[PDB]
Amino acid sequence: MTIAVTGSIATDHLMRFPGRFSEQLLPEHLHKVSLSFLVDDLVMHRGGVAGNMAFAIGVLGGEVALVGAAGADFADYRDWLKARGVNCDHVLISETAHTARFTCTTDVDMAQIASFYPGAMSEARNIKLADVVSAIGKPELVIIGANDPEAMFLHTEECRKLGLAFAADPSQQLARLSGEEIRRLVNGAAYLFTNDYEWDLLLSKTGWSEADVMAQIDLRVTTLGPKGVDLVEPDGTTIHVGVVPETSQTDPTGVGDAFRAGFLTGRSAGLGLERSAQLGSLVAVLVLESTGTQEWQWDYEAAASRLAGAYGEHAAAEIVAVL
């Protein structure tokens, strides 16, 4: 039943400046700035695409192993994930580098100053999926999430060699990879996940037609924001599922990851394509409506009720029957 989730593990450190950055950005000092901002809030969110996906699968009660690279400062995050049933045995802990980190300071005018530190993520290229197989047997599915790029290639190649089904889930790496690199991530995938902007980017960079892609994969999953999700099979069957209506948009971060987790959890639990997309749509809206990416709650009763509103009582009952 085990899904192995590969990809980035990171935290976001968000700081608020009550002033305006522009007050310190006069031309006299742009050649060598020395900016200092007294900030009045610091929020830390657990993230990375693999952390987000593993967290969600765990919360939903799926069998899941997180496979990525982090630093010694990962310990409290490990305990957090382990509390939700995530197997973290195969998280590579760097001896020298800290866990990847996004830091962002935002002022009162919503100007931002941001950095990204890859840290230990770069060591994901040293993880061998064979070591996972030795400990837990062959995963039912390996998710190839956004990561150290070399690690994405090596993991995908190892999946093919070892006969492991994989999901191509390159998300924000599509912009950075060459057309050939993207083809190499997609050939033979059990699933391809993207949003609709990324789907178009994929076709233009690779030079593939849609038919060429569908000759390579078992299922295309293309998210459409508020317009739902398209699922396309290589036989020409298409399924479209609408969203669960939201009651707020407190933070859109992590929504794609959440969709994927819910969908794949549904598939692993034996649900059909429509029902799995419905489940993914619920998890996605819970993440949309909450701060950060792993700060949402899972309430069986509220899930059943909300699913029934969006998709009818019959569909809701079919879905919660497996949770």
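Take the two forms, find the largest set of C-alpha atoms that superpose within 1.5 Å, and that set is the rigid core. We number the residues from 1 along the sequence you see.
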Margin query: To spell it out: superpose each other structure in 4 other deposited structures of this protein onto this one by the rigid core, compute Cα RMS over structures and residues for 107 to 115 and for 142 to 150. Which is larger?
Written below: 107 to 115
Margin query: Fitting on the rigid core only, I'd like to know which of the two stretches, 281 to 289 or 30 to 38, ends up farther away in Cα terms in 4 other deposited structures of this protein.
Written below: 30 to 38
Item checked: 98 to 106 set against 245 to 253, stretch whose average Cα temperature factor tops the other in the entry -> 245 to 253
Check: Of the two stretches 312 to 320 and 2 to 10, which shows the higher Cα B-factor on average in the entry?
Finding: 312 to 320
Next item on the list: Using the entry's values, work out which of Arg84, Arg160, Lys227, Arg183 has the largest Cα B factor.
Entry: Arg84
Next item on the list: Could you tell me which one of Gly61, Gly47, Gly68, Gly262 shows the highest CA temperature factor in the PDB record?
Entry: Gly61
Next item on the list: Could you look up the Cα B-factor of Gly272 in the entry and say which third of the chain it sits in: lowest, middle or highest?
Entry: middle
Item checked: Modelled-residue ranking by C-alpha temperature factor, third containing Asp73 -> highest
Check: In terms of the chain's CA B-factor thirds, is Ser36 lowest, middle or highest?
Finding: highest
Notebook entry, point to check: Based on the entry's values, in what third of the chain does the Cα temperature factor of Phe166 lie: lowest, middle or highest?
Noted result: lowest
Margin query: Can you tell me whether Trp80 has a C-alpha B-factor in the lowest, middle or highest third compared with the other modelled residues of the same chain?
Written below: highest
